[PDB]
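One chain is shown next in structure tokens, namely the form deposited in one PDB entry.
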């Protein structure tokens, strides 16, 4: 855990003196307002400082350094001017997709390293990028910016020496940006040694609350009655999309196919799926392909509670701890409680010191 030492936030992209071609890129990609890190770290990177960012994934990390870098690029110079490093080719392919997308309206070649003596931004993994420098396959004398994404993962996947080497093969005035979710001794070593008086930024994930959402319950009395209550719910209130949580993978899947028979369009996620598979399911759902997402709990943690108005706890959380992860921040949470669930729902009652009124006949309004 590192401490912040830079006190300058910029709230709007308009206030970042970006180039039009780049600004068009950022907007036409989906970004409208900078996230936390982006508010704090785009401008220091552009101004020349070494930036040390401790930030979790899904905070806007890739967009922070991709924007700063494009802005800094000199389209006149047709050589590598920035090197972006990542632990995996998957991750470096992502970063490339993004860098390219923000760059749509500028003349900047981006090459991936897993015909690169003329790329202006280079992206790859530490081994392949080392080998390629050594084989004199890519010009490093124009490199002005070295971005190490997920330094912790890179050091923990056996990339220490490759990185140390790379540091010493780039112009000794290369600016360094290092981003890491964790800051263990190993990563601080890279920092003390290879960085100069870095701007240190720490973005801590925002704690979830229940205040935002209005929670209700429905006494289905018995388990055999849960489904029938769900279908009637959809006769009663108007839904854009919903998330439904069950405890087991079996019920997720049984419920999924029961709903499809009734002509619902539904997406299911549970633990055994590849992290890539879940990622696609969530993305396609958040884009409107399906209108219901059913999920287990083990991954109520990696899940993204977007503007989804409605959340239904079809099963009640066996572990008290995961009720916040299912329905935490405005929206609506509706729990299914059977006769045996009542004492369990008293636990949630007092664990959060929160109130969960019974579902009113007047809801189609609320």
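Take the two forms, superpose them, and find the largest set of C-alpha atoms that agree within 1.5 Å; that set is the rigid core. Numbering follows the first chain given and starts at 1.
The form deposited in another entry exists for this protein as well; it is not shown, and the discussion that follows is about that form.
Undergrad: For the list 237, 93, 100, 169, which one shows a CA move of 2 Å or more between this form and the one not shown after the core is fit?
TA: Per the superposition, the moving residue is 237.
Undergrad: On a rigid core superposition, would residue 294 pass a 2 Å threshold for CA movement between this form and the one not shown?
TA: Moves: yes, 2 Å or greater.
Undergrad: Align both forms on the core first, then report whether residue 205 has a C-alpha shift of 2 Å or more between this form and the one not shown.
TA: Shift of 2 Å or more: yes.
Undergrad: I want to check residue 354: does it shift between this form and the one not shown by 2 Å or more at the Cα, with the core superposed?
TA: Yes; that C-alpha moves by at least 2 Å between this form and the one not shown.
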